[PDB]
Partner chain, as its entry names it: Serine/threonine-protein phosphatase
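Given as structure tokens, the chain that follows is alone and in the form solved without its partner chain.
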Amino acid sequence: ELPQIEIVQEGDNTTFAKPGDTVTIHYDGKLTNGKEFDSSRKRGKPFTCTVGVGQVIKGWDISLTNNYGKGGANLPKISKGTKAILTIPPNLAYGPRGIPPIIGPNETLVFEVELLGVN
């Protein structure tokens, strides 16, 4: 149903991504065991995508858009400049199948995310 969000750093709290908005982020992808599958920084650029439109895993879409603007209980809003940890259950990520050998079947994913800008 819903991902888990923890706020490392608060952001302006006025600019929020909306579905179909563009966002730019820095991120860390780790499995629960602490081993890293993807990272923007090591790639060498921040990552820009369209959120809320199924262009990224559902857990990102929910987190970045605050559940498509509906919101949820215990879903803190994420705003420009926010730094957070996102814990995403497999159905909000790559599912029962996974994407082997990159990500195994039924994996929860932990993301360190910083929202640099919206649109």
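C-alpha atoms forming the largest set that superposes within 1.5 Å between two forms make up the rigid core. Shifts are known only where both forms have a C-alpha. Positions refer to the first chain, counted from 1.
Modelled in this chain, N74 is nonetheless absent from a third or more of the other compared entries whose models extend past it on both sides. Comparing the deposited coordinates for 95-103 and 5-13, the stretch with the larger average C-alpha B-factor is 5-13.
Relative to its counterpart among 76-84 and 56-64, 76-84 has the higher mean temperature factor, C-alpha atoms as listed in the PDB entry.
Per the deposited record, the Cα B-factor of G44 falls in the highest third when ranked against the other modelled residues of its chain. For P89, the recorded CA B-factor ranks within the lowest third of the chain. Only modelled residues enter the ranking.
Not on display, but discussed next: the form deposited with its partner chain bound.
In the deposited complex, its partner chain lies farther than 4.5 Å from every heavy atom of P105.
At the 4.5 Å threshold, heavy atoms of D38 reach its partner chain in the deposited complex. Its partner chain is not drawn, but in the deposited complex it has no heavy atom within 4.5 Å of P96. Shifted region between the shown form and the other one (core-superposed; runs of 3+ residues, all CA displacements of 2 Å or more, residues common to both forms): 70-72 only.
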